[PDB]
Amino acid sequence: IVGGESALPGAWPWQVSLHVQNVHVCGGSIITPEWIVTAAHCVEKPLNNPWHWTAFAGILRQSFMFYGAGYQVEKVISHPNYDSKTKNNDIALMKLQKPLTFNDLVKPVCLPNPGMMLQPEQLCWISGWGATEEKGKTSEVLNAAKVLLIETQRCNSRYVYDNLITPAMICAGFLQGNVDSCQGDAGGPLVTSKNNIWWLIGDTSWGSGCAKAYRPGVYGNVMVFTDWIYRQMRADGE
């Protein structure tokens, strides 16, 4: 995260660090004791083998993420309409082999419902262990920052992203920059507060640079992917 501050324990209990070969690569968001929402570009082949992924919950520092403190990922499900060139439908689910234990440090975030009636520039939060500056290294501590929703019509302007933002994507951040997700935040949560409840409205997807002017962050529209998520969890219960 560029432009954020260090996060406290329990501030973001759904945030998880996803390690491939015990190195942090992407973030995720807990929705059920055994399901985690993340980005599909994080798990492109050959990184689709669920045996390679371990998830760390409730831990705020990367050096405290010893092997064995993480949970073994059992299954990885990329969106079947995911396009790697346009980053369209950049959403993926991960199932844990053993369910988490919820407490003040590990809690799920609510999946969004239809008719949320969000504001055009609704105040949101992003979080993750991504770099704090462009072309930086994975941050040690969990960071979080305030971003505002950017109307897709404005984000699709010829001066921002020329009709590259699809209905499966939403924009957040600032058209002046300074605050944005970055390298290592992919799959991380984009959450807002309404009715005293935190909702997962986006997963960190793509963008041009980090916190640059006219280049806000693009996130997967989790509301659009809501039907697909429910269908996947419904099938695993079997």
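A residue's number is simply how far along the shown sequence it sits, counting from 1.
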- Message: So, looking at the entry's B-factor column for Cα atoms, which has the higher mean, 166 to 174 or 61 to 69?
- Response: 61 to 69
- Task: Name the one of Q119, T86, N156, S78 with the greatest CA B-factor according to the PDB entry.
- Result: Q119
- Message: Please place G217 in the lowest, middle or highest third of its chain according to the CA B-factor in the PDB entry.
- Response: lowest
- Message: Splitting the chain's C-alpha B-factors into thirds, which one does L111 fall into?
- Response: lowest
- Message: Quick check for you: using the entry's CA B-factors within this chain, is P46 in the lowest, middle or highest third?
- Response: highest
- Name the third of the chain's ranked CA B-factors that contains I229, choosing lowest, middle or highest. highest
- Note on the structure: By the entry's values, the third containing the CA B factor of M94 is the middle
